[PDB]
Every structure is written in structure tokens, then in C-alpha cells.
$ cat start_1.cif   # mmCIF, C-alpha atoms and all ligand atoms
data_model
#
loop_
_atom_site.label_atom_id
_atom_site.label_comp_id
_atom_site.auth_asym_id
_atom_site.auth_seq_id
_atom_site.Cartn_x
_atom_site.Cartn_y
_atom_site.Cartn_z
CA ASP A 1 0.00 0.00 0.00
CA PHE A 2 2.50 2.81 1.09
CA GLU A 3 5.49 3.77 -1.10
CA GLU A 4 8.68 3.16 0.82
CA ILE A 5 10.04 6.08 2.79
CA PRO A 6 13.67 6.65 3.20
CA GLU A 7 15.51 4.82 5.81
CA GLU A 8 16.77 7.75 7.76
CA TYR A 9 13.35 8.52 8.94
CA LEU A 10 12.23 5.10 9.79
CA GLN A 11 14.65 5.38 12.59
CA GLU B 1 2.07 31.83 15.28
CA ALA B 2 1.83 35.40 13.85
CA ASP B 3 1.09 34.15 10.32
CA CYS B 4 -1.18 31.37 11.33
CA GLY B 5 -4.11 30.63 9.23
CA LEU B 6 -3.17 32.42 6.14
CA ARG B 7 -2.56 29.94 3.36
CA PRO B 8 0.35 30.58 0.96
CA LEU B 9 -1.51 29.55 -2.03
CA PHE B 10 -4.86 30.97 -1.22
CA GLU B 11 -5.00 33.89 1.11
CA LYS B 12 -1.55 35.15 0.63
CA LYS B 13 -2.32 35.50 -3.08
CA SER B 14 -5.88 36.58 -3.02
CA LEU B 15 -7.10 33.24 -4.33
CA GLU B 16 -10.22 31.33 -3.38
CA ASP B 17 -10.94 27.60 -2.92
CA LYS B 18 -13.50 25.62 -4.76
CA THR B 19 -15.58 25.60 -1.65
CA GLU B 20 -14.90 28.26 0.86
CA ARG B 21 -17.65 30.59 -0.08
CA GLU B 22 -20.08 28.07 1.18
CA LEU B 23 -18.46 28.46 4.52
CA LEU B 24 -18.91 32.28 4.52
CA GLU B 25 -22.44 32.11 3.33
CA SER B 26 -23.40 30.12 6.31
CA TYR B 27 -22.19 32.90 8.45
CA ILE B 28 -25.01 34.94 6.89
CA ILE C 1 -14.27 11.35 5.05
CA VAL C 2 -17.58 10.08 3.81
CA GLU C 3 -19.12 12.01 0.95
CA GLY C 4 -16.37 14.64 0.59
CA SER C 5 -14.27 15.64 -2.47
CA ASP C 6 -10.60 15.63 -3.22
CA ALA C 7 -8.89 18.38 -1.66
CA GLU C 8 -7.06 20.86 -3.82
CA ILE C 9 -3.30 21.44 -3.43
CA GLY C 10 -2.22 23.51 -0.43
CA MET C 11 -5.82 23.90 0.71
CA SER C 12 -4.89 22.60 4.25
CA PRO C 13 -1.32 23.17 4.81
CA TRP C 14 -1.79 22.45 8.49
CA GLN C 15 -3.00 18.87 7.86
CA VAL C 16 -0.38 16.39 9.23
CA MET C 17 -0.36 12.61 8.87
CA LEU C 18 0.25 10.34 11.91
CA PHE C 19 2.13 7.33 10.37
CA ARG C 20 3.36 4.15 11.88
CA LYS C 21 6.89 3.09 11.38
CA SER C 22 5.86 -0.62 11.67
CA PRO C 23 3.82 -1.97 10.22
CA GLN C 24 3.43 1.01 7.78
CA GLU C 25 0.06 2.32 8.39
CA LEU C 26 -1.85 5.62 8.59
CA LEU C 27 -2.82 5.94 12.07
CA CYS C 28 -4.70 9.20 12.12
CA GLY C 29 -4.75 12.81 11.19
CA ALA C 30 -3.20 15.76 13.01
CA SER C 31 -2.83 19.51 12.79
CA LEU C 32 0.31 21.77 12.65
CA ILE C 33 -0.12 24.49 15.16
CA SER C 34 3.27 25.90 15.12
CA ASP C 35 6.62 24.81 14.03
CA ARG C 36 7.51 22.29 16.75
CA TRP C 37 3.99 21.18 17.80
CA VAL C 38 1.23 19.14 16.33
CA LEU C 39 -2.27 18.68 17.73
CA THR C 40 -4.20 15.47 17.51
CA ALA C 41 -6.71 13.20 19.39
CA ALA C 42 -5.43 11.11 22.33
CA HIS C 43 -7.17 8.11 21.25
CA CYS C 44 -4.79 7.93 18.31
CA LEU C 45 -2.03 7.35 20.91
CA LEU C 46 -3.75 5.67 23.71
CA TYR C 47 -6.85 3.49 23.63
CA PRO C 48 -6.55 0.43 25.90
CA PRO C 49 -9.66 -1.35 24.75
CA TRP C 50 -7.99 -1.83 21.45
CA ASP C 51 -4.67 -2.13 22.66
CA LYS C 52 -3.08 1.09 21.68
CA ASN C 53 -0.38 2.69 23.81
CA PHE C 54 2.24 4.17 21.43
CA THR C 55 5.67 5.71 22.28
CA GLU C 56 7.36 8.51 20.64
CA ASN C 57 9.51 6.10 18.80
CA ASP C 58 6.75 4.18 16.99
CA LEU C 59 5.47 7.07 14.84
CA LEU C 60 6.39 9.60 12.31
CA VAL C 61 4.53 12.68 11.39
CA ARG C 62 4.33 13.58 7.62
CA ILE C 63 3.40 17.19 6.81
CA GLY C 64 2.74 18.69 3.40
CA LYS C 65 1.04 15.71 1.75
CA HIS C 66 -1.67 15.27 -0.79
CA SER C 67 -1.20 11.70 -1.73
CA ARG C 68 -2.26 9.13 0.87
CA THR C 69 0.11 6.50 -0.10
CA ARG C 70 2.97 8.01 -1.98
CA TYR C 71 6.17 9.38 -0.79
CA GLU C 72 5.96 12.96 -1.92
CA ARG C 73 9.57 13.47 -2.55
CA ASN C 74 10.44 17.08 -2.23
CA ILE C 75 6.97 18.06 -1.18
CA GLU C 76 6.32 16.51 2.18
CA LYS C 77 8.46 16.65 5.23
CA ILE C 78 8.73 13.68 7.62
CA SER C 79 9.35 14.43 11.29
CA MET C 80 10.23 12.50 14.40
CA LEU C 81 8.62 13.07 17.67
CA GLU C 82 10.46 14.37 20.70
CA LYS C 83 7.65 13.88 23.18
CA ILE C 84 3.89 13.22 23.44
CA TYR C 85 1.50 14.99 25.96
CA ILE C 86 -1.98 13.51 26.58
CA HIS C 87 -4.36 15.52 28.58
CA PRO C 88 -4.09 14.05 32.00
CA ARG C 89 -7.93 13.88 32.33
CA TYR C 90 -8.49 12.15 28.97
CA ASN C 91 -11.19 9.50 29.57
CA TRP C 92 -10.90 6.53 27.30
CA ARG C 93 -13.07 4.66 29.53
CA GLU C 94 -16.41 5.99 28.77
CA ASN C 95 -16.92 8.75 26.35
CA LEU C 96 -13.66 9.92 25.22
CA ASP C 97 -13.87 13.05 27.13
CA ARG C 98 -10.84 15.31 26.69
CA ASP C 99 -9.62 13.58 23.57
CA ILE C 100 -6.72 15.91 22.68
CA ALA C 101 -2.93 15.50 22.70
CA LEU C 102 0.10 17.49 21.69
CA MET C 103 3.28 16.15 20.16
CA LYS C 104 6.57 17.92 20.12
CA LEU C 105 8.73 17.44 17.06
CA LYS C 106 12.32 16.76 17.44
CA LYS C 107 13.22 19.59 15.17
CA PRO C 108 11.16 22.55 13.88
CA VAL C 109 9.50 22.10 10.55
CA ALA C 110 10.20 24.65 7.80
CA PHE C 111 7.09 26.23 6.33
CA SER C 112 6.34 26.17 2.58
CA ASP C 113 3.51 26.47 0.25
CA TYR C 114 2.34 23.08 1.58
CA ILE C 115 3.19 23.43 5.24
CA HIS C 116 1.72 26.23 7.28
CA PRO C 117 0.09 26.23 10.75
CA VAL C 118 -3.50 27.06 11.67
CA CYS C 119 -4.59 29.48 14.38
CA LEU C 120 -6.26 28.41 17.56
CA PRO C 121 -9.37 30.20 18.47
CA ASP C 122 -9.54 32.96 21.07
CA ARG C 123 -12.75 33.91 23.17
CA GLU C 124 -13.97 36.30 20.62
CA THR C 125 -13.48 33.99 17.58
CA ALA C 126 -14.87 31.18 19.48
CA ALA C 127 -17.99 32.99 20.41
CA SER C 128 -18.47 34.56 17.06
CA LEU C 129 -18.08 31.32 15.03
CA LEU C 130 -19.06 28.30 17.02
CA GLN C 131 -22.75 28.70 16.50
CA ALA C 132 -25.32 26.35 15.19
CA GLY C 133 -25.86 26.32 11.51
CA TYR C 134 -22.31 27.69 10.86
CA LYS C 135 -20.14 25.42 8.69
CA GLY C 136 -16.64 24.24 9.28
CA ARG C 137 -14.38 21.97 7.23
CA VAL C 138 -12.87 18.58 7.99
CA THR C 139 -10.00 16.85 6.04
CA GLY C 140 -8.45 13.43 6.31
CA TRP C 141 -7.31 10.30 4.55
CA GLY C 142 -9.71 8.17 6.65
CA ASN C 143 -12.27 5.80 5.25
CA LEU C 144 -14.66 6.71 2.62
CA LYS C 145 -17.48 4.53 3.80
CA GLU C 146 -18.43 3.05 7.08
CA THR C 147 -16.90 -0.49 7.23
CA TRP C 148 -19.39 -3.13 6.20
CA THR C 149 -19.21 -6.62 4.71
CA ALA C 150 -21.61 -5.58 2.09
CA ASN C 151 -19.45 -2.73 0.79
CA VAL C 152 -18.43 -3.34 -2.72
CA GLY C 153 -15.53 -1.03 -3.55
CA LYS C 154 -12.43 0.95 -2.54
CA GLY C 155 -12.98 2.27 0.86
CA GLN C 156 -9.82 4.24 0.75
CA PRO C 157 -9.08 7.64 -0.73
CA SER C 158 -6.10 8.26 -2.82
CA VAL C 159 -5.66 11.93 -1.99
CA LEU C 160 -6.70 14.04 0.96
CA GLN C 161 -10.53 14.55 1.22
CA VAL C 162 -12.55 17.60 2.30
CA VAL C 163 -16.14 18.00 3.54
CA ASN C 164 -17.89 21.10 4.99
CA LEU C 165 -20.38 20.57 7.61
CA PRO C 166 -22.61 22.64 9.78
CA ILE C 167 -22.26 22.82 13.45
CA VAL C 168 -25.34 21.37 15.29
CA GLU C 169 -27.04 22.53 18.57
CA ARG C 170 -26.25 20.76 21.74
CA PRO C 171 -29.65 19.48 22.44
CA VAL C 172 -29.95 17.87 19.04
CA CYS C 173 -26.51 16.32 19.59
CA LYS C 174 -27.32 15.04 23.02
CA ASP C 175 -30.49 13.41 21.95
CA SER C 176 -29.08 11.56 18.95
CA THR C 177 -26.85 9.29 20.98
CA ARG C 178 -26.75 7.54 24.19
CA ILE C 179 -23.00 8.16 24.91
CA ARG C 180 -22.69 10.70 27.65
CA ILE C 181 -21.59 13.97 26.13
CA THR C 182 -19.64 16.78 27.87
CA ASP C 183 -18.99 20.42 27.08
CA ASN C 184 -15.70 19.53 25.71
CA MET C 185 -17.31 18.00 22.70
CA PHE C 186 -19.32 19.52 19.78
CA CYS C 187 -21.27 17.67 17.05
CA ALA C 188 -21.50 18.75 13.39
CA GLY C 189 -23.57 17.28 10.48
CA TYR C 190 -26.65 17.68 8.33
CA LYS C 191 -29.87 17.16 10.06
CA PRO C 192 -32.35 14.63 8.93
CA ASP C 193 -34.32 17.19 7.15
CA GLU C 194 -31.66 18.73 5.14
CA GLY C 195 -31.50 15.34 3.39
CA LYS C 196 -27.75 15.74 2.59
CA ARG C 197 -24.75 13.62 3.38
CA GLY C 198 -21.17 14.04 4.61
CA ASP C 199 -19.07 12.98 7.67
CA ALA C 200 -15.81 12.05 9.18
CA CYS C 201 -15.21 8.39 9.64
CA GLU C 202 -12.61 5.95 10.96
CA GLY C 203 -9.09 6.92 10.23
CA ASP C 204 -9.97 10.74 10.22
CA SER C 205 -9.52 11.24 14.12
CA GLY C 206 -6.93 13.93 15.00
CA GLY C 207 -7.82 15.99 11.96
CA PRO C 208 -8.87 19.53 12.26
CA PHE C 209 -12.39 21.05 12.17
CA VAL C 210 -11.60 24.59 10.97
CA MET C 211 -13.61 27.66 10.24
CA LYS C 212 -12.63 30.77 8.46
CA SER C 213 -12.98 34.17 10.10
CA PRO C 214 -14.77 36.85 8.26
CA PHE C 215 -13.30 39.18 10.73
CA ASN C 216 -9.87 38.57 9.72
CA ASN C 217 -9.34 36.11 6.86
CA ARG C 218 -7.71 33.46 9.03
CA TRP C 219 -8.67 29.83 9.50
CA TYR C 220 -8.94 28.75 13.09
CA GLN C 221 -8.87 25.27 14.32
CA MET C 222 -12.29 24.73 16.09
CA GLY C 223 -12.37 20.97 16.83
CA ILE C 224 -10.59 17.56 16.54
CA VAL C 225 -12.26 14.68 15.02
CA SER C 226 -12.99 12.33 17.95
CA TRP C 227 -15.85 9.90 17.69
CA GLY C 228 -19.05 8.89 16.13
CA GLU C 229 -21.32 5.78 15.81
CA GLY C 230 -20.81 4.47 12.33
CA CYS C 231 -20.05 6.94 9.60
CA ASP C 232 -22.74 9.02 7.79
CA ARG C 233 -25.63 7.26 9.59
CA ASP C 234 -29.09 8.64 9.46
CA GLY C 235 -30.03 10.69 12.64
CA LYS C 236 -26.41 10.67 13.76
CA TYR C 237 -23.73 13.48 13.79
CA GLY C 238 -19.96 13.19 14.40
CA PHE C 239 -18.21 14.54 17.57
CA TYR C 240 -15.27 16.78 17.79
CA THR C 241 -13.14 17.83 20.62
CA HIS C 242 -13.85 21.40 21.58
CA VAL C 243 -10.46 23.00 21.21
CA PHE C 244 -11.35 26.39 22.75
CA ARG C 245 -12.45 24.75 25.92
CA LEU C 246 -9.19 22.98 26.32
CA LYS C 247 -7.01 25.91 25.18
CA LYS C 248 -5.74 26.44 28.65
CA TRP C 249 -4.15 22.97 28.88
CA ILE C 250 -2.75 23.57 25.39
CA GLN C 251 -1.07 26.81 26.36
CA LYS C 252 0.44 25.41 29.44
CA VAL C 253 2.33 22.51 27.90
CA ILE C 254 3.43 24.72 25.17
CA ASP C 255 4.70 27.21 27.77
CA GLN C 256 6.52 24.89 30.06
CA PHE C 257 8.24 22.83 27.25
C1 LIG D 301 -10.17 7.28 16.37
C2 LIG D 301 -10.89 8.11 15.26
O1 LIG D 301 -10.35 7.77 13.99
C3 LIG D 301 -12.38 7.70 15.18
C4 LIG D 301 -13.21 8.73 14.38
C5 LIG D 301 -14.67 8.66 14.84
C6 LIG D 301 -15.62 8.36 13.69
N1 LIG D 301 -16.42 9.49 13.25
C7 LIG D 301 -17.58 9.88 12.71
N2 LIG D 301 -17.75 11.19 12.52
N3 LIG D 301 -18.51 8.98 12.40
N4 LIG D 301 -12.83 7.53 16.55
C8 LIG D 301 -13.08 6.32 17.07
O2 LIG D 301 -12.99 5.28 16.44
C9 LIG D 301 -13.47 6.29 18.52
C10 LIG D 301 -12.25 5.82 19.29
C11 LIG D 301 -12.56 4.40 19.79
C12 LIG D 301 -14.03 4.13 19.57
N5 LIG D 301 -14.45 5.30 18.78
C13 LIG D 301 -15.66 5.49 18.31
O3 LIG D 301 -15.90 6.47 17.64
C14 LIG D 301 -16.78 4.52 18.55
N6 LIG D 301 -17.54 4.37 17.33
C15 LIG D 301 -17.77 5.22 19.49
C16 LIG D 301 -17.25 5.49 20.90
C17 LIG D 301 -16.80 4.44 21.70
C18 LIG D 301 -16.35 4.71 23.00
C19 LIG D 301 -16.37 6.02 23.50
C20 LIG D 301 -16.84 7.07 22.72
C21 LIG D 301 -17.29 6.81 21.43
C1 LIG D 302 1.40 3.16 28.08
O1 LIG D 302 2.82 2.92 27.93
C2 LIG D 302 3.65 3.68 28.87
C3 LIG D 302 5.11 3.34 28.66
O2 LIG D 302 5.27 2.87 27.33
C4 LIG D 302 3.36 3.34 30.31
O3 LIG D 302 4.24 4.05 31.21
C5 LIG D 302 1.87 3.60 30.49
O4 LIG D 302 1.47 3.19 31.77
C6 LIG D 302 1.03 2.82 29.47
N1 LIG D 302 -0.37 3.13 29.70
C7 LIG D 302 -1.45 2.37 29.47
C8 LIG D 302 -2.75 3.06 29.87
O5 LIG D 302 -1.45 1.22 29.00
#
$ encode --input "start_1.cif" --output "C-alpha cells" --more "lines below"
Ligand SMILES: *C[C@@](*)(O)[C@H](CCCNC(N)=[NH2+])NC(=O)[C@@H]1CCCN1C(=O)[C@H](N)Cc1ccccc1
Ligand SMILES: *[C@@H]1O[C@H](CO)[C@@H](O)[C@H](O)[C@H]1NC(C)=O
Amino acid sequence: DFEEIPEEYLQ
Amino acid sequence: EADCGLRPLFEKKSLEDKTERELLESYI
Amino acid sequence: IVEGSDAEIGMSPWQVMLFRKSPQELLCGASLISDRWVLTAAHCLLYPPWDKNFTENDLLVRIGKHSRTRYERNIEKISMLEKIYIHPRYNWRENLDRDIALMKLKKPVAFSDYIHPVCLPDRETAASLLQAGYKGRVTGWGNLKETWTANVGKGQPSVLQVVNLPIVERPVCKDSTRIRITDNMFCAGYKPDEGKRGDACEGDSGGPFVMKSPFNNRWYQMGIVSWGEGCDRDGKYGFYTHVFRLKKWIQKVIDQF
């Protein structure tokens, strides 16, 4: 469903 | 905030949304 | 948002998205009230009956979006939370009284054409605008229809939705439901006889109920989507947290921290 967000945010 | 509630693309440019007048007309 | 329309770009620059780091999921809606603070409903953070009790580290806040699902590269800004503050007298036990909560970002967000805060009402705005019959707006990426086995169709929106609704009189609110209501709540929605539709729905909680001031051209945040019984039901209205009422709590957290 959700496009992948960058890894620095998904701490 | 001092600038709260003024939208850059609407208010700040004297532009209106597809539906805000209906808001104002209810105030009348 | 049941029966709304797509929002236009930058129409609600104060709309924030409460997103789960894992599993990736939209939790709720929020509002940008300043550059380091977001306002939302407590029940988005803490609801024992359903097992919710989130920490600062389990969420992200996305501001500046239009798409529900896409990563709006160069448009949105993703922020981490520094701390969460639930009203100490929030009652998840019975009626959701005092369903409000502040979040403090780790770092200040920079404003743009897509990110801009909303004002909070003062006594005078509050008394001038929160009156029956007056319309406010609600936005969110919440469901489009009340959940039901018999729904055939996408129940999800692909872009932020908008819906304007009229504020309703207490007595009509109070008589439409059996939940005990308090002065910290307000109900908005078309009455039976106006034969029209529109409503917030699951997944829209935390989103702002705003009204525009004729007196000054500013949009004020009047309520927080909080609860309802179904979505769009006949003879039913949705409830919103009365922000003005709770403004004192709000100022205090913001002034100590
Ligand atoms: C959490 C929010 O997304 C959601 C929005 C309410 C739906 N709105 C409209 N306008 N129809 N709120 C809820 O889901 C809340 C939190 C948990 C239960 N809940 C409800 O709204 C129940 N449907 C009703 C309720 C249960 C307990 C106490 C108060 C209300
Ligand atoms: C929620 O979690 C926090 C710590 O994560 C804990 O201190 C608190 O008691 C929990 N509350 C509820 C109501 O489950």
C-alpha cells in the first residue's frame, strides 16, 4: 500500500 | 504563530478555494 | 471522510499525517499548530480497549502531503517526535472526554507552500463562530465509507478529502446518541431534514475542524475529530473535541516545554 520512505526517517 | 491561518496559495495570493464561499455564506 | 471531495493542493497546509513506522500504516490525522507542535486526538495514541499505547519512537509525522500513499519526494516533510503529551484527564473509559494530545517534534518544521500552521481560536473567535448552523471543514485520509461486509468497492481515498459541515445545537446532539456527552465535545452534520450527506469516519480522528474568520481572513482550528457511531448514519452526527475549551491545557504545555 505505502510507497517506501527513506531509511533515515524510519529510525 | 503570527502568520497562522493564512494559506500561501490561497490567502496570501488573493485566491479562493473551490468551496470556501459556502463556509462564509453560512455565516449569513 | 464520507461524501467529501478531493482536496485541492495547499488547501490545508496544516494537515499532518500520523504514520506508523511498523507496520506502515496511517494511524490518524493531526494539525500543525506551530513549528515544533502538532495537535491530535489522544485516542490515536492511547486506547486500551484496542490495545493502543504508542511511544514517541513508533510514529512519524508527515506534513505537506496530498497523496495518501505516496512518498511525496520534495513536497512533504517527515518528522520525528520528541515527546507526546496527553491531557491528564483524557477519559478513554467511557466517552472519550478530553480527547486531545500534543506532540513535540524533534526539530522545527520549515514552512512552505504546503506546510503552514492554523490558528487556535480565542474567546472572541470562538464565540463569534461556534454557532449552530455555521459550517466548518474537515479533512483526512480516513475511510470513505463506514466499514461493512456488504461494501463493494475501494474504501480508501487516494488523496486528501474535504467535507464542509454545519455545526449542530447541543440538544440535538445530546439526543441523537446515548454516549454521555460533555462540554468539551461539539457535534456537526446535516440534520435529517436537510437530506444531505457528509461525515468524518474511521481513520480521520486527530484531523482539524476549521472555520474561516470573516473578521480577519484566518482559518482557526475549532475541533478535533474524535468519535461517532458508524459513519454518515441517518439521525447521527460526528463529535469533535472542543479545542477552545481545552485551550488552557494547550497553552500550558506549550509554555513549560
Ligand atoms: C479514532 C478516530 O479515527 C475515530 C473517528 C470517529 C468516527 N467518526 C464519525 N464522525 N462517524 N474515533 C473512534 O474510532 C473512537 C475511538 C474508539 C471508539 N471510537 C468510536 O468512535 C466509537 N464508534 C464510538 C465510541 C466508543 C467509545 C467512547 C466514545 C465513542
Ligand atoms: C502506556 O505505555 C507507557 C510506557 O510505554 C506506560 O508508562 C503507560 O502506563 C502505558 N499506559 C497504558 C494506559 O497502557
$ interface_residues --input "start_1.cif" --of "chain C" --to "chain A" --cutoff "6 Å" --atoms "all atoms listed in the file" --output "PDB file with C-alpha atoms, in the frame of the given file"
ATOM      1  CA  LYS C  21       6.890   3.090  11.380  1.00  0.00           C
ATOM      2  CA  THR C  69       0.110   6.500  -0.100  1.00  0.00           C
ATOM      3  CA  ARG C  70       2.970   8.010  -1.980  1.00  0.00           C
ATOM      4  CA  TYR C  71       6.170   9.380  -0.790  1.00  0.00           C
TER       5      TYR C  71
END
$ axis_aligned_box --input "start_1.cif" --around "range 3-21 of chain B" --padding-each-side "3 Å" --output "lines of an AutoDock Vina configuration file"
center_x = -8.3
center_y = 31.1
center_z = 3.3
size_x = 24.7
size_y = 17.0
size_z = 22.1
$ atom_distance --input "start_1.cif" --atom1 "CA of residue 248 in chain C" --atom2 "CA of residue 117 in chain C"
18.8 Å
$ atom_distance --input "start_1.cif" --atom1 "CA of residue 40 in chain C" --atom2 "CA of residue 243 in chain C"
10.5 Å
$ residues_near_ligand --input "start_1.cif" --ligand "ligand LIG 302 (chain D)" --cutoff "8 Å" --atoms "only C-alpha atoms and all ligand atoms" --output "ChimeraX atom specification"
/C:46-48,51-55
$ closest_residue --input "start_1.cif" --among "C:29, C:4, C:203, C:133" --to "chain B" --atoms "all atoms listed in the file"
C:133
$ residues_near_ligand --input "start_1.cif" --ligand "ligand LIG 301 (chain D)" --cutoff "6 Å" --atoms "only C-alpha atoms and all ligand atoms" --output "count of residues only"
19
$ residues_around --input "start_1.cif" --residues "residue 240 in chain C" --least-positions-apart "4" --cutoff "9 Å" --atoms "all atoms listed in the file" --output "PyMOL selection string"
chain C and resi 99+184-188+205+208-209+222-228
$ closest_residue --input "start_1.cif" --among "C:91, C:216, C:149, C:24" --to "chain B" --atoms "all atoms listed in the file"
C:216
$ interface_residues --input "start_1.cif" --of "chain C" --to "chain B" --cutoff "7 Å" --atoms "all atoms listed in the file" --output "list in words"
residues 10, 34, 113, 116, 117, 118, 119, 133, 134, 135, 136, 218, 219 and 220 of chain C
$ residues_around --input "start_1.cif" --residues "residue 236 in chain C" --least-positions-apart "3" --cutoff "8 Å" --atoms "only C-alpha atoms" --output "JSON, numbers by chain"
{"C": [176, 177, 189, 228, 229, 232, 233]}
$ atom_distance --input "start_1.cif" --atom1 "CA of residue 122 in chain C" --atom2 "CA of residue 252 in chain C"
15.1 Å
$ residues_near_point --input "start_1.cif" --point "(-10.4, 0.2, -2.6)" --cutoff "12 Å" --atoms "only C-alpha atoms" --output "ChimeraX atom specification"
/A:1 /C:143-145,147,151-158
$ residues_around --input "start_1.cif" --residues "residue 37 in chain C" --least-positions-apart "4" --cutoff "9 Å" --atoms "only C-alpha atoms" --output "short mmCIF file (atom, residue, chain, number, x, y, z; two decimals) with C-alpha atoms, in the coordinates of the input"
data_model
loop_
_atom_site.label_atom_id
_atom_site.label_comp_id
_atom_site.auth_asym_id
_atom_site.auth_seq_id
_atom_site.Cartn_x
_atom_site.Cartn_y
_atom_site.Cartn_z
CA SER C 31 -2.83 19.51 12.79
CA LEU C 32 0.31 21.77 12.65
CA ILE C 33 -0.12 24.49 15.16
CA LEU C 102 0.10 17.49 21.69
CA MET C 103 3.28 16.15 20.16
CA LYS C 104 6.57 17.92 20.12
CA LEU C 105 8.73 17.44 17.06
CA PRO C 108 11.16 22.55 13.88
CA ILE C 254 3.43 24.72 25.17
#
$ build_atoms --input "start_1.cif" --residues "chain A" --atoms "N, CA and C atoms" --output "short mmCIF file (atom, residue, chain, number, x, y, z; two decimals), in the frame of the given file"
data_model
loop_
_atom_site.label_atom_id
_atom_site.label_comp_id
_atom_site.auth_asym_id
_atom_site.auth_seq_id
_atom_site.Cartn_x
_atom_site.Cartn_y
_atom_site.Cartn_z
N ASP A 1 0.80 -1.23 0.00
CA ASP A 1 0.00 0.00 0.00
C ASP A 1 0.85 1.31 0.00
N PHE A 2 1.71 1.57 0.99
CA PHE A 2 2.50 2.81 1.09
C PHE A 2 3.88 2.82 0.44
N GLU A 3 4.19 3.72 -0.48
CA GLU A 3 5.49 3.77 -1.10
C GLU A 3 6.54 3.82 -0.01
N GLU A 4 7.68 3.18 -0.20
CA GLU A 4 8.68 3.16 0.82
C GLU A 4 9.34 4.51 1.09
N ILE A 5 9.42 4.85 2.38
CA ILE A 5 10.04 6.08 2.79
C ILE A 5 11.49 5.82 3.08
N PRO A 6 12.29 6.83 2.97
CA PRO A 6 13.67 6.65 3.20
C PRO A 6 13.97 6.12 4.55
N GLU A 7 15.07 5.42 4.61
CA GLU A 7 15.51 4.82 5.81
C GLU A 7 15.97 5.74 6.89
N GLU A 8 16.37 6.96 6.62
CA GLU A 8 16.77 7.75 7.76
C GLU A 8 15.65 8.15 8.66
N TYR A 9 14.46 8.14 8.14
CA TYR A 9 13.35 8.52 8.94
C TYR A 9 12.86 7.36 9.73
N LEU A 10 12.67 6.23 9.05
CA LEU A 10 12.23 5.10 9.79
C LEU A 10 13.40 4.80 10.63
N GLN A 11 13.57 5.56 11.68
CA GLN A 11 14.65 5.38 12.59
C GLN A 11 14.62 3.97 13.14
#
